[PDB]
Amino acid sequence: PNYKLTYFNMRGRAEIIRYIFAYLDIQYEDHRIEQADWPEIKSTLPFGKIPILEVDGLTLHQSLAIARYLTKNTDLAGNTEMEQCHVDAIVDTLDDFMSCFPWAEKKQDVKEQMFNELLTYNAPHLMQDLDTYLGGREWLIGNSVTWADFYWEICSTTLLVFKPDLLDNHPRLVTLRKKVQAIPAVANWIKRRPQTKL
């Protein structure tokens, strides 16, 4: 297909889509807009949010909807219907956490202390739950890498920016990050992508 992904110049909620394209060796236009471009683009989007993915003249939206679409019938999906559910549920558990952060929020009275509350008190419970869920296994679900592993690495990267001691009590969770980053297609993308904070 002719794929055009639109997002800010940011990893953000588009990065999961970028990893999937890289891993699958799928070519695409990685369209990154400026903040001053946004207002006029927003009017044309179905629900006024990005990322959007244009597929052969058709517009898809919602990052995880698009990610699931792209990984259907690939080796990233989960090997049984039940394991597909586990993949979706890990992604949604991580997304629920990331979506609690006031990313847009201006007021840095609340924004900072809301961040620091989420990072100091809640992140460790999540980390302990992910660690326990992973146990001694190589990947989060099944016997091979899934896009949930990708999302863990993507989500944990942004979290480690603000709380660099996040994984100090969880070596097994660090190892999983490194495992993902070492997949040649992923490594290649990580090496050549725009360096951005978020």
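Numbering starts at 1 and runs along the sequence shown. Take the two forms, find the largest set of C-alpha atoms that superpose within 1.5 Å, and that set is the rigid core.
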Out of 39-47 and 146-154, which shows the greater rigid core-aligned C-alpha deviation in 7 other deposited structures of this protein? 39-47
When the Cα temperature factors in the entry are averaged, is it 67-75 or 92-100 that ends up higher? 92-100
Would you determine, from the values in the PDB entry, which of 108-116 and 124-132 has the greater average C-alpha temperature factor? 108-116
Taking the Cα B-factors listed in the entry, which of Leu53, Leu173, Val145, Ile33 comes out highest? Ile33
Most elevated Cα B-factor in the entry, residues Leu60, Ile41, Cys155, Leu140: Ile41
